[PDB]
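Structure 1 and structure 2, given next as C-alpha cells, are two forms of the same protein chain, each shown alone.
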Structure 1
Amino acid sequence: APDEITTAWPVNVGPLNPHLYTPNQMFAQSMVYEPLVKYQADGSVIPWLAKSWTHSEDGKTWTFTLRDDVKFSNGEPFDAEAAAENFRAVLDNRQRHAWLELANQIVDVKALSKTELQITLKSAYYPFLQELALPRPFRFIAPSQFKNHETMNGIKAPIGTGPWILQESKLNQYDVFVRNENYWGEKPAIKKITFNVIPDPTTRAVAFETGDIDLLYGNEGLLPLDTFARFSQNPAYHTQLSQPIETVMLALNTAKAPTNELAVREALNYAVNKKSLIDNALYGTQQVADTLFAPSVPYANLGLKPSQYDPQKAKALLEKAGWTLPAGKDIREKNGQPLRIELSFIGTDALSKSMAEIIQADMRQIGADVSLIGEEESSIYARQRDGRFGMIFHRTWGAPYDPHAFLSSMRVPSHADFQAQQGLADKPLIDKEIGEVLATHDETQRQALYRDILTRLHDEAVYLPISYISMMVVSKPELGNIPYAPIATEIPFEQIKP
C-alpha cells in the first residue's frame, strides 16, 4: 500500500473537538479542521477559508469574505453562519482561553450574509490574523455536530473541512485517518494514515526498526537521541533534523528562596555547561541557547549579553552575596541556611532526568545543592500552575506563538511563567507592557516594548536557557523528503509525496 502510511504518537489524537485542549492533539485537530487564514513560514498569513478581508480605520472591526465552494466532510455547507456559530461556541467557553488574548479581545462575531463574516475587537489587536491561524481554538466544526448548540460540553462527530477525516479511534491502540475525497483544496497524495499509540521513545525506535511503522515525526523527545544518530548513518533509513523551532529552558522561581535572589539566579546562569549538556544528554543534536528567544525570533534580535559557562564567575557572584562555604562542606550557606534548590521534572521522562542530573552535577560544582523531584505529569503541571517549584523545565511554543503569544501568557497567573516572575519588583510593569505591545500599532513603540520586556526578563535572570531544539524525522526512504510545517506543532502530512 504505497499511498498508505503508518506512524506513531505517544497518545491518541483525542476526540478531535476543535475548540478544546488536552487530550486533543493539536497536529490532529489541524488535520481535520481549518482556519480562516493560513500561517506562512515568512510570518504572514494567506487567504484560506476566507478569500479576502478588510478592516476599519481604527483596526477594531474586521470583515471577512468567505469562500463559497467549501463543504464539511459530511456534505454540509461551510458559510459565514457556520463560522459565526463556531466563534460563539468557542467564546461561550471564554474562561478556558484566557491564555490567548484574542479570546478576550473579540467582542462580537456575526454573519452579515452567507459569505460575509464580521468580527469586532475590544482594541486594535495586532496578532489578530496569526491567532486566527492557530491549530485551536478558532477552527470550524459542522454546527450540526454541536451538542445542544455548544462544543464546550463535547461534540458529536468530528466533522471539519480539512484534507483528512478521522476514520476510527481505539483508546490506547491506534487512530486512523483517511483522505477527504471531497476536499475544496489540493488532494493529498497519501490516502490513509495510521497512528500507533506508543508512549515510550525506545519502543517507538524499536517499532521503526522492525518495520511496524513507516514514519516518526516529532521534537527532541521523539526517540532516543543516540539511536537517532545511529539511524542517521544507517543507509536503509532516512532521517532529518530541522532548523531550530523553539527554546528549552529552566524557569527559576523569583518568589521562592533562594532563587528569589538575583545574584543566585545570575550564578546559576553561569554554572551550566550547555554545550557539554547537549553533547552529553542530547547527543550533540541540538543548539546551545543563551536567551529566552533565539536571535532569529521576531522582535528578539536585541544583542542581549550571554552568560557563558564560567564556574569561577558563578562562585564569585555567590560569595559576594554572602553565600559562602562552611568548613568541610561543599554546599554554601547564608544565615545558616544551605543553598538548596528543588528541580521539578516528569520522573518517567528519561531525557528530562538525564538533563536534570547534569544540571545538578554542574550546580554542585559551584556550591548549590539541587534536589531532584521527579513526579508524575499531573503533579508537575500542578506545581507549574501554583508556583510550587524552585526550578522547572520549560519551553517556548515555536512559530507563530513566539514571542507574542508566549509573552501574552506570562500575564496569566495559573501558568509557569507568571509564577516564576511573581517575585519581580517590575512584574506589574512587565505585564502592563505586554498588554501594550499587543495593542499598539506604533511599530517603533512595539519594538521598544518587546525590547524592554525581553531585556528585563534577561537581566533579571528569570530563565536559564538551555537549548534551541529541532524537529526530527525518521522514515522509510520510499516516503521521500518529509516537509516541515510553518506552525511548529503541525505535521504537514498532505505535503508528503512518495
Structure 2
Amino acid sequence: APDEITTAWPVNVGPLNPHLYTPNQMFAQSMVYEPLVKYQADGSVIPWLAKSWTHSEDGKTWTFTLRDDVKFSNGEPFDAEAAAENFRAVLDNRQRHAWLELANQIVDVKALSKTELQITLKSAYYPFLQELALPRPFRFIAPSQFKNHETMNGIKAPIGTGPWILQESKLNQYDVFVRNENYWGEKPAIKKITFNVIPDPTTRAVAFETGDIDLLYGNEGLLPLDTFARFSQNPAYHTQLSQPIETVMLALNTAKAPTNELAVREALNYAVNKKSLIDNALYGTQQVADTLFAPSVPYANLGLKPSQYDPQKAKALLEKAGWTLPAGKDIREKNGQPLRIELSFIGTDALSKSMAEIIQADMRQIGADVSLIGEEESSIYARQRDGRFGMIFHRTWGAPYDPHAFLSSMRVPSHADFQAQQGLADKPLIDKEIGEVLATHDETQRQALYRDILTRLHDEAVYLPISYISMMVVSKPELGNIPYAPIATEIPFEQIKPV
C-alpha cells in the first residue's frame, strides 16, 4: 500500500520504556511517547500535552494546564495524576538521570486537579522547559503499564499517547509501527512503518537497491559513504546530507598513564592528519573538527586555537616530556616504560574500526604504540563510565543537548567525559562552573562561563576532535523532500507524505 513504508535500523527498537536508556532507541521512544512542551527549530518550545502554564513569582513552582481530550493509545485517559505518576516513577531512579540537571532540580510533583499539574523545583531553573521537551526521561507511559508501581525495573506494554503504536516486534528481524487512530493531534499520512533490522551498512545499501526499502534515515554510519555518493548520482534515487549536527572525537583519559601527561595529549592532537582521515574514512563527506563544539554552536564561537597536523611538533613535545627512542626500537620509552595507549571502540562498527586503524598508524609515526581493542557495545559503554580506557571514540549529542546538557553530564559518570576529565587539577572548578552556567540568568555571565569551561577543556587537550558529522537520507523520489526534526535524535515520520 502507498500509505505504508518500509525502512531499516541496525537493531530492534527495544522495550520502549520511556524512562530508561540502552537498549531503547530514542527515535522510537519519541514516536510512541510525548512531552509536556515540544521543542522547536528556532530554539523555543510550544504547548504540547500541556495547553498552557503559569509559574510562581520566584520561578520555582510551575502549574501546567494539561489537555483534556488526550487518551493513551489503549483508551485510558491522560490526566495530571498519570503525569504525576510518571515523574514519580522517574525520580525513583533519580541517580540514573543525574546527567540531566532537571532530574536533580525537581523537588515535588503534585496532581492538583484532573487538568492541573504542579511541579516544584529547587530553583528558578531556566533550562526547565527545554529539558522537559527531551525524548527521555520525562515522557508519559500509561500508569497501568508499570510493574509493581515502578518503571525502573521494567514495563508491561509500551502504551503512550503518541501518533505511533508498537504493534509487533521480532528479535533480530523487524519492528512494526501502526498509526494510532485515536491520537489527539493531527494524523500522520502514513498508516504503517516497518523497521527491518539490518545491522550491516552494506546490506542496508543492497536492501535499498532491491526496491524493498522506502527510506533510510540516520547518521554517517547509515550506508558506506562511497555507496551513498554513488547513490546521490542516481536519478532513480533521492539522497540528502544535512549540515553538521554533532562532533565526533576521541576522549583522552587524563587520569590514566600515559594520557595523564598534558604533553602526551597535545602530541596526540598534533599527530593525526584529520583531512586525510576524513577524505579516506568518511569519503570527504564531512568536515574537520578542531574543537569539542563547532563555532556554530551557541556560546562556542571562542576563537580557540586549532591543532594542525604537525608530527615534528608532536615528537618535540614528547622528547621534552622525557619520552625518547631507545636504540633498536621505534616506540618511545620513559622510565623503561613504552609509550603504549589503548584505543577502545565498538568492534562491529566499520567506521570506528577504520578510523582507529588510521589513527594508530598516525601515532606510530610519533613513537606512540596504540593498541586497538574492538569490543561489544555494552563493554564499551562500561569502560566509558568506569574509566577503563586510554582513548575512546565519543561524540556530542546535537540540538538541543549541545552545549548545555552535554556539559551538565560531564559532572557525573554518564558518557566518557567525567572519567576522561578526572586527572585534571581544575576538574572541581570546571564542574563548579558547569553548575553555575546552568544556574545563572545573566547572558553575559553565561558567555564567560562557557568560554572558561570550553577553553580549559581545549587547552588541557582532554579531547582529540576528528570531525563534524551529518544526518543522511536515502529515499524513493516519490516520498519527496524528507525533513529533519529539531531534536537531532528524533525522526519526523509524521511529516512524510507518500503519493
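Residue numbering: sequential along structure 1, first residue numbered 1. Note that the rigid core is defined as the largest set of C-alphas that superpose within 1.5 Å between two forms.
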item	value
Displaced residue between the two structures, judged on C-alpha after the rigid core is fitted, out of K313, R411, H394, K427 (threshold 2 Å or more)	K313
After fitting the core, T120 CA displacement of 2 Å or more between the two structures	no
Core-superposed C-alpha of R139 shifting 2 Å or more between the two structures	no
Core-aligned CA displacement of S232 at least 2 Å between the two structures	no
Per-residue CA shift, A157 (Å; core superposed between the two structures)	2.0
Rigid-core-superposed Cα shift at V288 between the two structures, Å	0.9
Rigid-core-fitted C-alpha displacement of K274 between the two structures (angstrom)	1.1
